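Taking it in order: structure first as C-alpha cells, then the write-up.
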Amino acid sequence: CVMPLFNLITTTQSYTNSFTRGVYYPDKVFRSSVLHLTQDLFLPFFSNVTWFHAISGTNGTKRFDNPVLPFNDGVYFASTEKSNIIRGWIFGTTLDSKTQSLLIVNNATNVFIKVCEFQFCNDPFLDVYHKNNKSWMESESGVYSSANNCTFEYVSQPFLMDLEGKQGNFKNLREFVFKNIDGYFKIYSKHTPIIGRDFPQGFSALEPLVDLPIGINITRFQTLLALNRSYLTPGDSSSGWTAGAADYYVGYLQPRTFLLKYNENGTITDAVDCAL
Amino acid sequence: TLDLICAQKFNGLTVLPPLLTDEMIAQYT
Amino acid sequence: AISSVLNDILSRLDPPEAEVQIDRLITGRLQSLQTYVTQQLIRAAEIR
Amino acid sequence: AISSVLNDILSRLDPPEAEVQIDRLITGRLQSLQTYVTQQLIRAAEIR
Amino acid sequence: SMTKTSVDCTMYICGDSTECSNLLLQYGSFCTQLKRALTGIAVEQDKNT
Amino acid sequence: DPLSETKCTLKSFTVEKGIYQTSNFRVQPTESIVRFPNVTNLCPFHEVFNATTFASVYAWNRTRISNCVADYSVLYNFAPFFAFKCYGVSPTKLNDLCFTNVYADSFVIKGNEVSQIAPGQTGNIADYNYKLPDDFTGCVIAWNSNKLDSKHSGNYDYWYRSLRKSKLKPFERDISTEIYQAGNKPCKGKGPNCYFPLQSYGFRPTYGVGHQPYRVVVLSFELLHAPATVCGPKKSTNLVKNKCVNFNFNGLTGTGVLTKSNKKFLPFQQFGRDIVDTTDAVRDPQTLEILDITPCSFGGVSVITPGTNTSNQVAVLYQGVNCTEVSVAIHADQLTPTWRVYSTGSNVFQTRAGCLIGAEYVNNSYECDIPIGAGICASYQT
Amino acid sequence: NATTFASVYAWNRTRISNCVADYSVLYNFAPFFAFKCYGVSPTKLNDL
Ligand SMILES: *[C@@H]1O[C@H](CO)[C@@H](O[C@@H]2O[C@H](CO)[C@@H](O)[C@H](O)[C@H]2NC(C)=O)[C@H](O)[C@H]1NC(C)=O
Ligand SMILES: *[C@@H]1O[C@H](CO)[C@@H](O[C@@H]2O[C@H](CO)[C@@H](O)[C@H](O)[C@H]2NC(C)=O)[C@H](O)[C@H]1NC(C)=O
Ligand SMILES: *[C@@H]1O[C@H](CO)[C@@H](O[C@@H]2O[C@H](CO)[C@@H](O)[C@H](O)[C@H]2NC(C)=O)[C@H](O)[C@H]1NC(C)=O
Ligand SMILES: *[C@@H]1O[C@H](CO)[C@@H](O)[C@H](O)[C@H]1NC(C)=O
Ligand SMILES: *[C@@H]1O[C@H](CO)[C@@H](O)[C@H](O)[C@H]1NC(C)=O
Ligand SMILES: *[C@@H]1O[C@H](CO)[C@@H](O)[C@H](O)[C@H]1NC(C)=O
Ligand SMILES: *[C@@H]1O[C@H](CO)[C@@H](O)[C@H](O)[C@H]1NC(C)=O
Ligand SMILES: *[C@@H]1O[C@H](CO)[C@@H](O)[C@H](O)[C@H]1NC(C)=O
Ligand SMILES: *[C@@H]1O[C@H](CO)[C@@H](O)[C@H](O)[C@H]1NC(C)=O
Ligand SMILES: *[C@@H]1O[C@H](CO)[C@@H](O)[C@H](O)[C@H]1NC(C)=O
Ligand SMILES: *[C@@H]1O[C@H](CO)[C@@H](O)[C@H](O)[C@H]1NC(C)=O
C-alpha cells in the first residue's frame, strides 16, 4: 500500500447520453423471429450516464481517477482504452477486512475473482512494471495488504480481451453489466469495435460472460487502474509512474420493461423502452 | 391470406377444414 | 376473505398469510369483471 | 401454483401435495377454455 | 364463415397426465359442453357457406 | 371398437346416420431416455453433516454445493433424522431432480427451537438468528448432537442472538456485538437498558432432551432447468432421434420426437422457447447438440356410421394426420385408441381432413350424404 | 405481572380500553414460549 507522491487532480464527473446501449440477454432461452416483453433491470434508453477520464498530462499532472461509486441495483460500465489501463473492479459495503469484499482483477495471463475480507489500501491499484527491462508484468501488492477468511476464488477466462489491435479506435469498446440477484453476481459483456472515437450510436446486445454464485452483499464499487513504471511515452525522460489515456462511462440499472426483437438467428437486434 | 400455427396444433387446438373447398365456392360463384 | 378491503388485509397480515385473502378477492373480482364483459358483449350484439 | 408445467409439479411433489398445484392449474385452464368458447359463440352469432 | 376449431380438454388442460385427468373428472361435464358448443359452431360455419 | 365408442359417447345403443367426433388419438412413446452430464464425483455432504465444529446459530455456516452428483442416500446413513422436513420438494423425489445450486446452512440450536426453523415462524431464533424466506424451497434436517456439542463444565462456545433492534430478514446473518439499547438513552456498557445481544448456550449433557444441542442443516435449492449443474444419481441412457420418446434432459421431463436442428444456439443459451413460451429446442448435456422437440402425433378421431339400424359398419377419420404416420403407428401399436380398424389397402384414403379408413373412394360424384370435409363425403352405397 | 392468576376453569377476564396499546412492553417481561397471533400479524400490532 505504497503510492508515490502525485499531483492528483480531483475527479470531474462529466455527463452524457446512454443512447440505446446497455441491453443484454435477460435469460438463457433461445428465441427466433420473436418480440419478447421482459421486465428486468435495464439501463433506460437515453439515460444520462457519468463520464470519467484517466490520463497523464504533459505538464506532470496525472489524472488518476478512481473514485468510489454506489452500486444500487446494478451497474453498466463502458470503457475505451488502448493499454488496458482499466484492469478490474472492487465491490463491497465497507471495503475493509470487517466485511467480505469482491475483487475482479486482470492478471495479464488470466482473470482473478476473489471474495475475501481484503484489507484494501486507501487507493488500491495494480502495479505493472518492467523487470530487467525485458519482462512487462503485473503485481497485486498495491491492491490489498492481506487476505483472510476467503470463501470464493476463481482463476479463469484465459482471454487477453483486445487482441485485433487498434484499427478503428483501439477496437476496445468494453461494455459490462454487473448485477446482484439472489446471491448471484452476473457479469454480461460485449467487445464492440468503435466506428468513431467515443460512444458510437448503435445497438449491440450484451452476451452474458460469467455468473458467479458468490452470495455476498454489494452496495459500493470502484474501478482499478494500472500504473506503469515509466517507459510508455517515447521521447520522455521523466523517470516516474505514468498512466495511459482511458475513458469510462457509468450508468445505473433500473427496473424497466423492454420489448426485445430476436431475429431468426437468435440475436437481439433491436429494443424498445416501454416507459420512455 | 390466412410458429404460431404449429404451437396451437401442439396442445389440443386443431383447425377443421371447411366442407366446400375454394374450388367449389368458385364453381358456385 | 376476512375483509373486502385490500388495505385492511395488507395492514392486518404478513405477506404469506395475506396472499390467501388477496387471491380470494382477485378470483371474485375477476369473475365479476368477466360476467360484466360477457353481458356487455351480448347486449352490444343485440344493439348492433 | 409453483409452476405452470404439469410434469414439473408431478416430479417435484408427492401426490397429496401435488393435487393443490394441479387444481390451481385446472381451474385457470378451465376458465381460459370457457372464455375462449364463450367468445367464439358470440363471434359465431355475429358471423351467422 | 369463420375458422372451425376443435379443442381437446384433456390435452389442453392435463396434457398426457393421468393424475391431472383423474382430478379433472371431478369437474363434471364442462368439457362435453365445450366440445358440443365448438361442434355446433363448426357445423354452423358450413351451413353459413 | 369405433361403433361402441360412438355409442358410449352418445349414451345410446342406437346411432343415427352421421359423423361423430368420438375421441382423440395419440401415438405413444416407445422408449424413455435420460441425459445427465459427465458428473460422477459425489457431493461433499459428509463434510457438511459430519464436520468437527459447527458454527453458532447467529453466525450460521454457509456452504456451497455445486458441480457434483447429489446422492441423498448418504444422508440416511449418519443421521437419526429427528426432523426431515422438506418444504416445496418431495424428499422421496430428491434423487430425481437437478438443482441449479445447493446451499447448506449448518448451525446448532436447542432441541425445542427446531420448530422455529421454518418459513413464517416466530421466535427468538427465527427473528434474531436465522429467518427462512416465505417462498423457501428445499429441506431442513435436524438431529441431536448432545454427544459432541456438550461439556461437563458447560459448552459456552455456542451463542445465540436474543435481542435485536429489528427482526432478521431472510438469508441475513448478524454478527455485530453492539450492546442492545432499549429506549433512547445511548448505551456505553452493561447496565440499565443495556443487554448483550449474544447469550451463550451453555450446553450440558445433564440437561433435558428439549434443551440438548441439536445440529440443523438447511438445504436451499433453486429449481431452474436452465443451469442444471447438480442432479441426483441417475444413469443416463443413449439418445434416440426421430422416435416419439419420453425424454429427461437434466430434470426437464417431456414427450416427443427429437430431431437434428438447424437452430444456432449462442454458447450461453441452453434451450429455446417458441413464441407462446413452449419449449421448441434443447441442448444435449453430453454431445452439446441442438435437438428440435416436436410433440408426438395426436388429433381427433371421428366415426362415420350409416346409422346403426342400416348397418353396423363404420369408417374412421383420424383428423389432420397423414395416413403414413397412422399406418406406422398401427404397425408399432403406438396409437392410443387401440380398436384398430381392419385395413385392406383400398380402405385407406388420404383427405385434407385427415386419414380415412374403412371407406372406399369411388371416382364418381354424388350429393353429399355424410360430410367428411375438404369436399369429401361418405355414403352407404352398393 | 399480576401477583395471583385465576384458575383455567375460572379464567380471569380483563378489559383494556381507552389507552394506547404499546406492545413493546410485552417483549420486556416475557421469555415468549408461545406468541401465536391468529388473524393479525404480530409485527403490525403497533399500527392498528
Ligand atoms: C444467421 O446465421 C446464418 C449462418 O451463419 C447466416 O447465413 C449465412 O448468410 C451469409 C450471408 O448471406 C451467407 O454467405 C452464408 O452462406 C449463410 N449461411 C448459411 C445459409 O448456412 C445468416 O445470414 C444469419 N442471419 C442474419 C445475419 O440475419
Ligand atoms: C462452513 O464450514 C465448512 C466446513 O464445515 C467450510 O468449508 C471449508 O472451507 C475451507 C475454506 O478454506 C476449505 O479449505 C475446506 O476444505 C472446506 N471444508 C472443510 C470440511 O473444512 C466453509 O468454508 C464454512 N463456511 C463459512 C462461510 O464459514
Ligand atoms: C382479573 O384480574 C385483574 C387483575 O389482574 C382484575 O383487575 C382489577 O380489578 C379491580 C376491581 O375492583 C380493580 O380495583 C383493580 O385495580 C384491577 N387491577 C388489579 C391489578 O388488581 C380484574 O378485576 C379481574 N377480573 C375478573 C373478572 O376477575
Ligand atoms: C442529466 O443530469 C443532468 C445534471 O446536470 C441534468 O441537468 C439533466 O436534466 C439530466 N438529463 C436527463 C435526461 O435525465
Ligand atoms: C448491505 O450492506 C449495506 C451497507 O452496509 C446495508 O445497509 C444493507 O442493509 C446490507 N444488506 C443486507 C441484505 O444485509
Ligand atoms: C498470474 O498468472 C501466473 C502465471 O502466468 C500465476 O502463476 C499467478 O499465480 C497469477 N496471479 C498473480 C501473479 O497474482
Ligand atoms: C476470520 O474469522 C475468524 C474466526 O471467526 C475471526 O476471528 C476473524 O476476525 C475473521 N477475520 C479475519 C480478517 O481474520
Ligand atoms: C465425519 O466423517 C468423515 C468421514 O469418515 C470424517 O472424515 C470426519 O472427520 C468426521 N467428522 C467428525 C468425526 O467430526
Ligand atoms: C461428457 O463427456 C463426453 C465424453 O464422454 C464429452 O464429449 C462431453 O462433452 C462431456 N459433457 C460435457 C462437457 O458437458
Ligand atoms: C404424407 O407423406 C408423404 C411422404 O412423406 C408426403 O409426400 C405427403 O405430402 C404427405 N401427405 C400430405 C397430405 O401432406
Ligand atoms: C409486576 O411488576 C409491576 C411493575 O413493577 C409491579 O407493580 C407488580 O407488583 C409486579 N407483580 C408481581 C411481582 O407479581
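In the C-alpha cells, the first chain shown is A, the next is B, and so on; residue numbers restart at 1 for each chain, and ligands run from 1 in the order shown.
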- Counting only C-alpha atoms and all ligand atoms, what residues are within 10 Å of ligand 2, given as a PyMOL selection string? (chain A and resi 148-153) or (chain F and resi 44-55+59-64+104-107)
Got time to write the residues from that selection, N, CA and C atoms, as a PDB file, in the first residue's frame?
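The resulting file, selection-v4.pdb, is reproduced below:
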```pdb
ATOM      1  N   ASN A 148      -7.899 -12.809   4.270  1.00  0.00           N
ATOM      2  CA  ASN A 148      -8.255 -13.789   5.283  1.00  0.00           C
ATOM      3  C   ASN A 148      -9.711 -14.193   5.116  1.00  0.00           C
ATOM      4  N   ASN A 149     -10.024 -15.405   5.573  1.00  0.00           N
ATOM      5  CA  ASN A 149     -11.384 -15.943   5.551  1.00  0.00           C
ATOM      6  C   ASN A 149     -11.974 -15.902   4.142  1.00  0.00           C
ATOM      7  N   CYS A 150     -11.166 -16.315   3.169  1.00  0.00           N
ATOM      8  CA  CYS A 150     -11.623 -16.368   1.788  1.00  0.00           C
ATOM      9  C   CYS A 150     -12.697 -17.435   1.622  1.00  0.00           C
ATOM     10  N   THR A 151     -13.749 -17.095   0.875  1.00  0.00           N
ATOM     11  CA  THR A 151     -14.852 -18.014   0.634  1.00  0.00           C
ATOM     12  C   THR A 151     -15.026 -18.407  -0.825  1.00  0.00           C
ATOM     13  N   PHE A 152     -14.572 -17.590  -1.771  1.00  0.00           N
ATOM     14  CA  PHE A 152     -14.685 -17.910  -3.187  1.00  0.00           C
ATOM     15  C   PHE A 152     -13.449 -17.412  -3.918  1.00  0.00           C
ATOM     16  N   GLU A 153     -12.877 -18.270  -4.757  1.00  0.00           N
ATOM     17  CA  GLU A 153     -11.744 -17.911  -5.598  1.00  0.00           C
ATOM     18  C   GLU A 153     -11.950 -18.521  -6.974  1.00  0.00           C
TER      19      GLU A 153
ATOM     20  N   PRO F  44     -19.992 -33.235  -1.404  1.00  0.00           N
ATOM     21  CA  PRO F  44     -19.406 -33.325  -0.056  1.00  0.00           C
ATOM     22  C   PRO F  44     -20.440 -33.116   1.048  1.00  0.00           C
ATOM     23  N   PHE F  45     -21.464 -33.970   1.057  1.00  0.00           N
ATOM     24  CA  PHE F  45     -22.464 -33.899   2.117  1.00  0.00           C
ATOM     25  C   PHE F  45     -21.908 -34.392   3.446  1.00  0.00           C
ATOM     26  N   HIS F  46     -21.004 -35.373   3.412  1.00  0.00           N
ATOM     27  CA  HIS F  46     -20.423 -35.887   4.648  1.00  0.00           C
ATOM     28  C   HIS F  46     -19.622 -34.811   5.370  1.00  0.00           C
ATOM     29  N   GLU F  47     -18.889 -33.985   4.620  1.00  0.00           N
ATOM     30  CA  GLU F  47     -18.107 -32.922   5.244  1.00  0.00           C
ATOM     31  C   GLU F  47     -19.004 -31.936   5.980  1.00  0.00           C
ATOM     32  N   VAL F  48     -20.124 -31.552   5.364  1.00  0.00           N
ATOM     33  CA  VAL F  48     -21.019 -30.590   5.995  1.00  0.00           C
ATOM     34  C   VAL F  48     -21.732 -31.217   7.187  1.00  0.00           C
ATOM     35  N   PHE F  49     -22.202 -32.457   7.041  1.00  0.00           N
ATOM     36  CA  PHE F  49     -23.002 -33.070   8.096  1.00  0.00           C
ATOM     37  C   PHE F  49     -22.152 -33.675   9.206  1.00  0.00           C
ATOM     38  N   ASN F  50     -20.906 -34.048   8.915  1.00  0.00           N
ATOM     39  CA  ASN F  50     -20.022 -34.648   9.909  1.00  0.00           C
ATOM     40  C   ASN F  50     -18.833 -33.748  10.235  1.00  0.00           C
ATOM     41  N   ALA F  51     -19.028 -32.433  10.167  1.00  0.00           N
ATOM     42  CA  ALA F  51     -17.955 -31.503  10.488  1.00  0.00           C
ATOM     43  C   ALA F  51     -17.609 -31.578  11.969  1.00  0.00           C
ATOM     44  N   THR F  52     -16.319 -31.414  12.274  1.00  0.00           N
ATOM     45  CA  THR F  52     -15.871 -31.484  13.661  1.00  0.00           C
ATOM     46  C   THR F  52     -16.482 -30.367  14.499  1.00  0.00           C
ATOM     47  N   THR F  53     -16.518 -29.151  13.963  1.00  0.00           N
ATOM     48  CA  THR F  53     -17.051 -27.998  14.673  1.00  0.00           C
ATOM     49  C   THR F  53     -18.143 -27.345  13.841  1.00  0.00           C
ATOM     50  N   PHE F  54     -19.221 -26.947  14.506  1.00  0.00           N
ATOM     51  CA  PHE F  54     -20.340 -26.272  13.871  1.00  0.00           C
ATOM     52  C   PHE F  54     -20.400 -24.828  14.349  1.00  0.00           C
ATOM     53  N   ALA F  55     -20.708 -23.918  13.431  1.00  0.00           N
ATOM     54  CA  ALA F  55     -20.774 -22.509  13.777  1.00  0.00           C
ATOM     55  C   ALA F  55     -22.015 -22.216  14.616  1.00  0.00           C
ATOM     56  N   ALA F  59     -24.313 -17.017  13.737  1.00  0.00           N
ATOM     57  CA  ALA F  59     -23.275 -16.953  12.718  1.00  0.00           C
ATOM     58  C   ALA F  59     -23.307 -18.219  11.875  1.00  0.00           C
ATOM     59  N   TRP F  60     -24.502 -18.596  11.416  1.00  0.00           N
ATOM     60  CA  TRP F  60     -24.707 -19.879  10.754  1.00  0.00           C
ATOM     61  C   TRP F  60     -23.745 -20.063   9.589  1.00  0.00           C
ATOM     62  N   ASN F  61     -23.224 -21.281   9.464  1.00  0.00           N
ATOM     63  CA  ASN F  61     -22.184 -21.581   8.491  1.00  0.00           C
ATOM     64  C   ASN F  61     -22.815 -21.892   7.139  1.00  0.00           C
ATOM     65  N   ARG F  62     -22.433 -21.133   6.115  1.00  0.00           N
ATOM     66  CA  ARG F  62     -22.965 -21.293   4.769  1.00  0.00           C
ATOM     67  C   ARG F  62     -21.950 -22.042   3.917  1.00  0.00           C
ATOM     68  N   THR F  63     -22.383 -23.145   3.313  1.00  0.00           N
ATOM     69  CA  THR F  63     -21.540 -23.961   2.454  1.00  0.00           C
ATOM     70  C   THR F  63     -22.169 -24.065   1.073  1.00  0.00           C
ATOM     71  N   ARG F  64     -21.329 -24.009   0.047  1.00  0.00           N
ATOM     72  CA  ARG F  64     -21.767 -24.047  -1.341  1.00  0.00           C
ATOM     73  C   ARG F  64     -21.536 -25.446  -1.896  1.00  0.00           C
ATOM     74  N   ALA F 104     -25.954 -25.137   1.919  1.00  0.00           N
ATOM     75  CA  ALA F 104     -26.049 -25.845   3.189  1.00  0.00           C
ATOM     76  C   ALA F 104     -25.813 -24.849   4.316  1.00  0.00           C
ATOM     77  N   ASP F 105     -26.875 -24.507   5.038  1.00  0.00           N
ATOM     78  CA  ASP F 105     -26.788 -23.622   6.196  1.00  0.00           C
ATOM     79  C   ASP F 105     -26.776 -24.506   7.436  1.00  0.00           C
ATOM     80  N   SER F 106     -25.600 -24.675   8.030  1.00  0.00           N
ATOM     81  CA  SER F 106     -25.416 -25.543   9.185  1.00  0.00           C
ATOM     82  C   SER F 106     -25.265 -24.693  10.438  1.00  0.00           C
ATOM     83  N   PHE F 107     -25.981 -25.068  11.494  1.00  0.00           N
ATOM     84  CA  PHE F 107     -25.857 -24.379  12.774  1.00  0.00           C
ATOM     85  C   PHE F 107     -26.302 -25.325  13.880  1.00  0.00           C
TER      86      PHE F 107
END
```
- Message: Can you work out which residues are within 12 Å of ligand 9, considering only C-alpha atoms and all ligand atoms, and then hand them over as a PyMOL selection string?
- Response: chain F and resi 35-40+67+227-229+236+250+270+283-289
- Task: Mind giving me the straight-line distance from CA of residue 137 in chain A to atom 13 (C, counted along the ligand's line) of ligand 6 in Å, one decimal?
- Result: 8.6 Å
- Item | Residues flagged helix (DSSP H, G or I) by DSSP in chain D, as a PyMOL selection string | chain D and resi 6-12+15-47
For the residues in that selection, give me N, CA, C and O atoms as a short mmCIF file (atom, residue, chain, number, x, y, z; two decimals), in the first residue's frame.
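This is the output file result.cif:
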```cif
data_model
loop_
_atom_site.label_atom_id
_atom_site.label_comp_id
_atom_site.auth_asym_id
_atom_site.auth_seq_id
_atom_site.Cartn_x
_atom_site.Cartn_y
_atom_site.Cartn_z
N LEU D 6 -47.04 -29.21 -15.81
CA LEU D 6 -47.59 -30.33 -15.06
C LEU D 6 -46.52 -31.36 -14.72
O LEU D 6 -46.53 -31.95 -13.64
N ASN D 7 -45.60 -31.61 -15.66
CA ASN D 7 -44.54 -32.58 -15.41
C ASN D 7 -43.65 -32.13 -14.25
O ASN D 7 -43.24 -32.95 -13.43
N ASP D 8 -43.36 -30.83 -14.18
CA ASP D 8 -42.55 -30.32 -13.07
C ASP D 8 -43.24 -30.56 -11.74
O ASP D 8 -42.63 -31.06 -10.79
N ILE D 9 -44.53 -30.21 -11.64
CA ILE D 9 -45.25 -30.39 -10.39
C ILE D 9 -45.31 -31.87 -10.02
O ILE D 9 -45.14 -32.24 -8.86
N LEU D 10 -45.54 -32.73 -11.01
CA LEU D 10 -45.61 -34.16 -10.73
C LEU D 10 -44.26 -34.72 -10.30
O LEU D 10 -44.21 -35.67 -9.52
N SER D 11 -43.17 -34.14 -10.79
CA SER D 11 -41.84 -34.61 -10.44
C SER D 11 -41.33 -34.05 -9.12
O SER D 11 -40.48 -34.69 -8.49
N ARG D 12 -41.81 -32.90 -8.68
CA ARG D 12 -41.26 -32.24 -7.50
C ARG D 12 -42.08 -32.45 -6.24
O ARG D 12 -41.69 -31.93 -5.19
N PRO D 15 -48.11 -36.95 -4.38
CA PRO D 15 -49.48 -36.71 -4.85
C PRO D 15 -50.27 -35.80 -3.92
O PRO D 15 -50.88 -34.83 -4.39
N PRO D 16 -50.30 -36.06 -2.59
CA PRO D 16 -51.15 -35.20 -1.74
C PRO D 16 -50.79 -33.73 -1.82
O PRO D 16 -51.69 -32.88 -1.79
N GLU D 17 -49.51 -33.40 -1.93
CA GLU D 17 -49.09 -32.02 -2.09
C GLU D 17 -49.19 -31.54 -3.53
O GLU D 17 -49.30 -30.33 -3.76
N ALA D 18 -49.14 -32.46 -4.50
CA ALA D 18 -49.22 -32.07 -5.90
C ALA D 18 -50.63 -31.67 -6.31
O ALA D 18 -50.79 -30.79 -7.16
N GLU D 19 -51.66 -32.30 -5.71
CA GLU D 19 -53.03 -32.02 -6.14
C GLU D 19 -53.40 -30.56 -6.00
O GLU D 19 -54.22 -30.06 -6.77
N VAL D 20 -52.81 -29.84 -5.04
CA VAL D 20 -53.15 -28.43 -4.87
C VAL D 20 -52.71 -27.63 -6.09
O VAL D 20 -53.49 -26.84 -6.66
N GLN D 21 -51.47 -27.82 -6.52
CA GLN D 21 -50.98 -27.13 -7.71
C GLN D 21 -51.73 -27.59 -8.95
O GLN D 21 -52.06 -26.77 -9.83
N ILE D 22 -51.99 -28.89 -9.05
CA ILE D 22 -52.74 -29.41 -10.20
C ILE D 22 -54.12 -28.76 -10.26
O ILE D 22 -54.62 -28.44 -11.34
N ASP D 23 -54.75 -28.55 -9.10
CA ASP D 23 -56.08 -27.97 -9.08
C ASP D 23 -56.05 -26.48 -9.42
O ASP D 23 -56.96 -25.98 -10.09
N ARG D 24 -55.01 -25.77 -8.98
CA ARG D 24 -54.88 -24.37 -9.40
C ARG D 24 -54.75 -24.27 -10.91
O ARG D 24 -55.41 -23.44 -11.56
N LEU D 25 -53.92 -25.13 -11.50
CA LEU D 25 -53.76 -25.13 -12.95
C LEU D 25 -55.05 -25.54 -13.66
O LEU D 25 -55.39 -24.97 -14.70
N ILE D 26 -55.76 -26.53 -13.12
CA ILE D 26 -57.02 -26.96 -13.72
C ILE D 26 -58.04 -25.83 -13.71
O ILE D 26 -58.73 -25.60 -14.70
N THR D 27 -58.14 -25.12 -12.59
CA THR D 27 -59.09 -24.01 -12.50
C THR D 27 -58.75 -22.92 -13.51
O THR D 27 -59.62 -22.43 -14.24
N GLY D 28 -57.47 -22.53 -13.57
CA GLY D 28 -57.08 -21.49 -14.51
C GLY D 28 -57.33 -21.88 -15.95
O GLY D 28 -57.84 -21.08 -16.74
N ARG D 29 -56.98 -23.11 -16.32
CA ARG D 29 -57.12 -23.53 -17.70
C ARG D 29 -58.58 -23.79 -18.07
O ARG D 29 -58.98 -23.53 -19.21
N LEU D 30 -59.38 -24.28 -17.13
CA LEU D 30 -60.82 -24.37 -17.35
C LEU D 30 -61.41 -23.00 -17.62
O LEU D 30 -62.23 -22.84 -18.53
N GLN D 31 -61.01 -22.00 -16.84
CA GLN D 31 -61.50 -20.64 -17.06
C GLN D 31 -61.09 -20.12 -18.43
O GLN D 31 -61.90 -19.50 -19.13
N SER D 32 -59.84 -20.36 -18.82
CA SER D 32 -59.39 -19.90 -20.13
C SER D 32 -60.18 -20.56 -21.26
O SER D 32 -60.59 -19.89 -22.21
N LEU D 33 -60.42 -21.87 -21.16
CA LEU D 33 -61.21 -22.56 -22.17
C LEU D 33 -62.64 -22.03 -22.22
O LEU D 33 -63.20 -21.85 -23.31
N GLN D 34 -63.25 -21.81 -21.06
CA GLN D 34 -64.61 -21.29 -21.03
C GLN D 34 -64.69 -19.92 -21.68
O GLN D 34 -65.62 -19.64 -22.44
N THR D 35 -63.72 -19.06 -21.39
CA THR D 35 -63.70 -17.73 -22.00
C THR D 35 -63.55 -17.84 -23.51
O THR D 35 -64.24 -17.14 -24.26
N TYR D 36 -62.66 -18.72 -23.97
CA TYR D 36 -62.48 -18.89 -25.41
C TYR D 36 -63.77 -19.34 -26.08
O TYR D 36 -64.16 -18.81 -27.13
N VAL D 37 -64.46 -20.32 -25.48
CA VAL D 37 -65.66 -20.86 -26.11
C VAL D 37 -66.79 -19.84 -26.10
O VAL D 37 -67.54 -19.73 -27.08
N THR D 38 -66.92 -19.07 -25.02
CA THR D 38 -67.96 -18.04 -24.99
C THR D 38 -67.71 -16.96 -26.04
O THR D 38 -68.64 -16.53 -26.74
N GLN D 39 -66.46 -16.51 -26.16
CA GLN D 39 -66.15 -15.52 -27.18
C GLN D 39 -66.39 -16.07 -28.58
O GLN D 39 -66.89 -15.37 -29.46
N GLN D 40 -66.04 -17.34 -28.80
CA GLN D 40 -66.30 -17.98 -30.09
C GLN D 40 -67.79 -18.05 -30.38
O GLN D 40 -68.21 -17.86 -31.52
N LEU D 41 -68.61 -18.35 -29.37
CA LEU D 41 -70.05 -18.42 -29.59
C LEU D 41 -70.62 -17.06 -29.97
O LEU D 41 -71.45 -16.96 -30.89
N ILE D 42 -70.20 -16.00 -29.28
CA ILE D 42 -70.67 -14.66 -29.61
C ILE D 42 -70.22 -14.25 -31.01
O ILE D 42 -71.00 -13.70 -31.80
N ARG D 43 -68.96 -14.54 -31.35
CA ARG D 43 -68.46 -14.21 -32.68
C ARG D 43 -69.17 -15.00 -33.77
O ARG D 43 -69.43 -14.47 -34.86
N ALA D 44 -69.47 -16.26 -33.51
CA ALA D 44 -70.18 -17.08 -34.48
C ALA D 44 -71.61 -16.60 -34.66
O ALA D 44 -72.15 -16.70 -35.76
N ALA D 45 -72.24 -16.08 -33.60
CA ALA D 45 -73.54 -15.45 -33.76
C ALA D 45 -73.45 -14.24 -34.69
O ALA D 45 -74.29 -14.07 -35.59
N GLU D 46 -72.43 -13.40 -34.49
CA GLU D 46 -72.24 -12.25 -35.37
C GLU D 46 -72.01 -12.68 -36.82
O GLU D 46 -72.58 -12.10 -37.76
N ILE D 47 -71.18 -13.70 -37.03
CA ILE D 47 -70.89 -14.19 -38.37
C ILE D 47 -72.12 -14.82 -39.00
O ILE D 47 -72.32 -14.72 -40.21
#
```
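Residue neighbourhood of range 4-14 of chain B, excluding near-sequence residues (fewer than 4 positions): residues 5, 6, 7, 8, 11 and 12 of chain E, at 6 Å, using only C-alpha atoms.
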Prev. selection, N, CA and C atoms, output as a PDB file, in the first residue's frame:
```pdb
ATOM      1  N   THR E   5     -62.697 -24.571 -35.220  1.00  0.00           N
ATOM      2  CA  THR E   5     -61.666 -25.045 -34.318  1.00  0.00           C
ATOM      3  C   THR E   5     -62.215 -26.172 -33.460  1.00  0.00           C
ATOM      4  N   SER E   6     -61.308 -27.035 -33.023  1.00  0.00           N
ATOM      5  CA  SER E   6     -61.616 -28.153 -32.149  1.00  0.00           C
ATOM      6  C   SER E   6     -60.603 -28.138 -31.021  1.00  0.00           C
ATOM      7  N   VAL E   7     -61.075 -28.283 -29.790  1.00  0.00           N
ATOM      8  CA  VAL E   7     -60.217 -28.221 -28.615  1.00  0.00           C
ATOM      9  C   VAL E   7     -60.399 -29.498 -27.814  1.00  0.00           C
ATOM     10  N   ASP E   8     -59.287 -30.108 -27.422  1.00  0.00           N
ATOM     11  CA  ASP E   8     -59.290 -31.277 -26.551  1.00  0.00           C
ATOM     12  C   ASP E   8     -59.012 -30.810 -25.127  1.00  0.00           C
ATOM     13  N   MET E  11     -56.012 -32.780 -23.427  1.00  0.00           N
ATOM     14  CA  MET E  11     -54.708 -32.358 -23.916  1.00  0.00           C
ATOM     15  C   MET E  11     -54.404 -30.914 -23.533  1.00  0.00           C
ATOM     16  N   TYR E  12     -55.399 -30.028 -23.598  1.00  0.00           N
ATOM     17  CA  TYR E  12     -55.135 -28.621 -23.308  1.00  0.00           C
ATOM     18  C   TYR E  12     -54.878 -28.396 -21.825  1.00  0.00           C
TER      19      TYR E  12
END
```
- Message: Neighbours of ligand 3 at 7 Å or closer, counting only C-alpha atoms and all ligand atoms: which residues, as JSON, numbers by chain?
- Response: {"G": [2, 5, 12, 13, 14]}
Residues as selected, C-alpha atoms, written as a PDB file, in the first residue's frame, can you do that?
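After the write, result25.pdb holds the following:
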```pdb
ATOM      1  CA  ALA G   2     -50.252  -9.903  38.369  1.00  0.00           C
ATOM      2  CA  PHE G   5     -53.589 -15.679  38.399  1.00  0.00           C
ATOM      3  CA  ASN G  12     -59.664 -14.048  34.556  1.00  0.00           C
ATOM      4  CA  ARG G  13     -61.190 -11.584  32.077  1.00  0.00           C
ATOM      5  CA  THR G  14     -59.727  -8.069  31.955  1.00  0.00           C
TER       6      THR G  14
END
```
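All chain E residues having an atom within 8 Å of chain D, based on only C-alpha atoms, amount to residues 1, 2, 12, 13, 14, 17, 20, 23, 24, 34, 37, 38, 41, 44, 45 and 48 of chain E.
For the pair CA of residue 146 in chain A and atom 13 (C, counted along the ligand's line) of ligand 7, the separation is 8.3 Å.
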- Message: Residues contacting ligand 7 - anything with an atom at most 8 Å away, using only C-alpha atoms and all ligand atoms - can you give me those as a list in words?
- Response: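 Written in the requested form, the residues are residues 97, 98, 117, 118, 119, 147, 148 and 149 of chain A.
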